Amino acid sequence: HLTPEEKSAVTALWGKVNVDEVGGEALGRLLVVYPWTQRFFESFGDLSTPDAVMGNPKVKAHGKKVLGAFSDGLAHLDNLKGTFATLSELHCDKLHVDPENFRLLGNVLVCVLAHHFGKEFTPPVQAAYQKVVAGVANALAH
Amino acid sequence: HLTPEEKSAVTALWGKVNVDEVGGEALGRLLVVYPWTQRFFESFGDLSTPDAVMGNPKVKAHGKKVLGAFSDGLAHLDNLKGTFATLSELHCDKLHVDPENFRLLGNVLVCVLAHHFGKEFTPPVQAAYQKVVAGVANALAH
Amino acid sequence: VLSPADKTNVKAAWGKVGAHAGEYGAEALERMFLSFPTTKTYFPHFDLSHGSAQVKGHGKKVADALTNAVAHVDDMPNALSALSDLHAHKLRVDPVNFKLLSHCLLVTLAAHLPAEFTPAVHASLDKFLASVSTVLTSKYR
Amino acid sequence: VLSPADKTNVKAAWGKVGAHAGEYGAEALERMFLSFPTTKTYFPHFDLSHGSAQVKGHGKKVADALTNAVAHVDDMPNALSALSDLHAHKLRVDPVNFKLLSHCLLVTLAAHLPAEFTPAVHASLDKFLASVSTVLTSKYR
Ligand code: HEM
Ligand code: HEM
Ligand code: HEM
Ligand code: HEM
């Protein structure tokens, strides 16, 4: 699905992602932009304002876990279904997350990379990442 | 996916479908209710009013073909992917049909069966058919 | 956005529903719970069994709300404001679920009023229910 | 439906776009064609190559239309009426494609105006672009 020169483009820009921060920024933005996703993180405390969500420590910490998982997918870009199987069970059987939301999180992640890299997130770089996030959303949907 | 008593419910009501007419009624309704689907049937002539669409002979005739295919799926409710493979290629590679539209056609078909059977299209019968049409939509999406 | 013909259509089909609105609203809910069981998670404290009096009372409330959306089809955000606060701010209903209830309602009307469920009416009812859905999923003021 | 704060946000972010609106509108189109190649089927008679002057002229038209949607954020169906007739009656654009262009536009703005693309603004821009999309996909009067 990804050409050798678009697998390489993806890895190069990913080696520059702050893994402590980007994951939180994405999960944060999901909860602000699509406010019904807050229903699934009811235990995380105060999610009452954009400021509250973005500074909530448990959002920051869960976003590290989610980004951890995308990085796992980026190491195994062939065998994404096998990478994400356990996580598909969890998001369905136990959480009941509608799969459209998986697509929304991938798109929000694309915007956060745009926002951090600026000019260097070129149209061809974006297109390689759109293939990557669609892959992860499909692997997760049960 | 379908219990033995919901496979049987599905077959019983399907043995009573007018196969010359229901397929057309469904394809007709798709073109009226979701008017952008008309873009894909531009060769079928006049689709300008609900009356025109519903009486168009080429809509009636294509709807027989589509219903033919659902009946093929209802005979092979295990191996739906293998039943619909050639049709998935055609709808993607050649037609470029977004897969959300496959879901819309299945739902319209459910409403046409409701409309024809009335009281006998009970909630449990509807639920068995919702499993059947989701199956067909998934098998078609590439 | 609704056309003027959409509005005439919906006003006249829903006018024919009349005093079965409660009974249809209950049946639509029961279809939704059977056909899409994940929607039961929003109703954890309800008896959801067949013939439940709590589902039949909830179907009357849903139907009576749709009757008022029809009477205020030109100013729906204002007429549906408290409902919007309940579903979008308090319950946080995922918008996917409004497409499920809407479909179940269309199916209920097709089964009960076949002579009214023409293609044109079907099209106008579907657009009305999507406009109601959008008001209820939005946090606005 | 937009909140009053949504409207202030969009008016102020799009005000900062200013005279790059044309350049951003072209870049968003080029992102959409590369990342979602099926959208090229609506533009069969265009040079769609990188740096095409026809894509750059089309991006100016799209951007100038968004500028007018912002100036008429309270009465968009009326301000966007001819566009609605072009996209819904004549071109019959599948609504899925409006979600693709909208995403590409957000991505373009994130890359160019990072200091303005706060979470609150991101949320208000996304709701505005969905409201524009809904007007353009609807056959109404
Ligand atoms: C799209 C990519 C996504 C990935 C890669 C992802 C990954 C993860 C991971 C790694 C966990 C932790 C599992 C564990 O620690 O055992 C998790 C838990 C969870 N995810 Fe996701 N997730 C994604 C999307 C979503 C979305 C869209 C939602 C909700 C809208 C969601 C809601 C949750 C919830 C509620 C949990 C449990 C959190 C908790 O422990 O309290 N996820 N996910
Ligand atoms: C969801 C179930 C569907 C099934 C079972 C189905 C089945 C078929 C079949 C059997 C054919 C004829 C193929 C042949 O004769 O070789 C066909 C062709 C076609 N289908 Fe579908 N289809 C479905 C959905 C759709 C949808 C949603 C669209 C468009 C919105 C669509 C557009 C077409 C078109 C354009 C053709 C070619 C028609 C022509 O020959 O001019 N189909 N489909
Ligand atoms: C046209 C769509 C809908 C309408 C007109 C509607 C209308 C209503 C009304 C009138 C109430 C009662 C408010 C009150 O008693 O003051 C209500 C409550 C509720 N609705 Fe909806 N509703 C719709 C869609 C949905 C959907 C899709 C869901 C979930 C799948 C949902 C879940 C609920 C819940 C959980 C309550 C709270 C009921 C309770 O705890 O007693 N509604 N709705
Ligand atoms: C915010 C979303 C959009 C806006 C503001 C927009 C605006 C416009 C404008 C201003 C025009 C030119 C009309 C004229 O020259 O009189 C136009 C034409 C067109 N648009 Fe869009 N558009 C949008 C989304 C889309 C999407 C998603 C598609 C397809 C994927 C699309 C396909 C076209 C096509 C094919 C034309 C005809 C261009 C030509 O043949 O010269 N538009 N649009």
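Letters A, B, ... mirror the listed sequences (proteins, then strands); counts begin at 1.
In this structure the side chain of C:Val73 never reaches within 4.5 angstrom of the side chain of C:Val10, judged on heavy atoms. Residues A:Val133 and A:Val136 have side chains not in contact (no heavy-atom distance under 4.5 Å, counting atoms from C-beta outward). Contact of the C:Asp85 side chain with the C:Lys90 side chain is not registered, since no non-hydrogen atoms from C-beta on lie closer than 4.5 Å. Annotation: side chain of C:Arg92 is in contact with side chain of C:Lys139 (closest heavy-atom distance under 4.5 Å). Contact check for A:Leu113 versus A:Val125: no side-chain heavy atoms found under the 4.5 Å cut-off. The shortest distance between side-chain heavy atoms of C:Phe128 and C:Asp6 does not fall below 4.5 Å.
Distance check: C:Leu136 CG to C:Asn97 CG gives 12.5 Å after rounding to the nearest 0.5 Å. Distance check, rounded to the nearest 0.5 Å: NE2 of C:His103 to OG1 of C:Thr108 gives 9.5 Å. C:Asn68 contributes atom CG, which lies 7.0 Å from atom CG of C:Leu80 (distance to the nearest 0.5 angstrom). Interatomic distance, CG of C:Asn9 versus NZ of C:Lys7, reported as 12.5 Å (0.5 Å rounding). Expressed to the nearest 0.5 Å, how far OG of C:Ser124 lies from NZ of C:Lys11 amounts to 12.5 Å.
Among the residues in residues 20-50 of chain C, those with a non-hydrogen atom closer than 4.5 angstrom to a non-hydrogen atom of chain A are C:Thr38, C:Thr41, C:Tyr42. Among residues 17-47 of chain A, the residues having any heavy atom closer than 4.5 Å to a heavy atom of chain C are, in sequence order, A:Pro35, A:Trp36, A:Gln38, A:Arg39. For residues 97-112 of chain A, the interface with chain C (any heavy-atom pair closer than 4.5 Å) comprises A:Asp98, A:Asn101, sorted by residue number. Against chain C, no residue from residues 61-93 of chain A qualifies, as none has a non-hydrogen atom under 4.5 angstrom away.
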**OP:** Decide side-chain contact (heavy atoms from CB on, under 4.5 Å) for A:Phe121 and A:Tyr129; before the verdict, give the C-alpha distance in whole Å, the side-chain angles of both, and the deciding distance to 0.1 Å.
**Re:** CA-CA 10 Å; A:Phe121 194 65; A:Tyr129 276 94; 4.1 Å; yes
**OP:** Could you go through the side-chain contact (heavy atoms from CB on, under 4.5 Å) check for A:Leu13 and A:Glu120 one step at a time?
**Re:** CA-CA 9 Å; A:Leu13 182 96; A:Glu120 100 172 77; 3.6 Å; yes
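Looking only at distances, no side-chain donor or acceptor of C:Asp126 sits under 3.5 Å from a matching main-chain atom of C:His122. No donor-acceptor pair closer than 3.5 Å links the side chain of C:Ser138 to the backbone N or O of C:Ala88.
Defined by atom type and a distance below 3.5 Å, a donor-acceptor pair is present between the side-chain atoms of A:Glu5 and A:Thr3.
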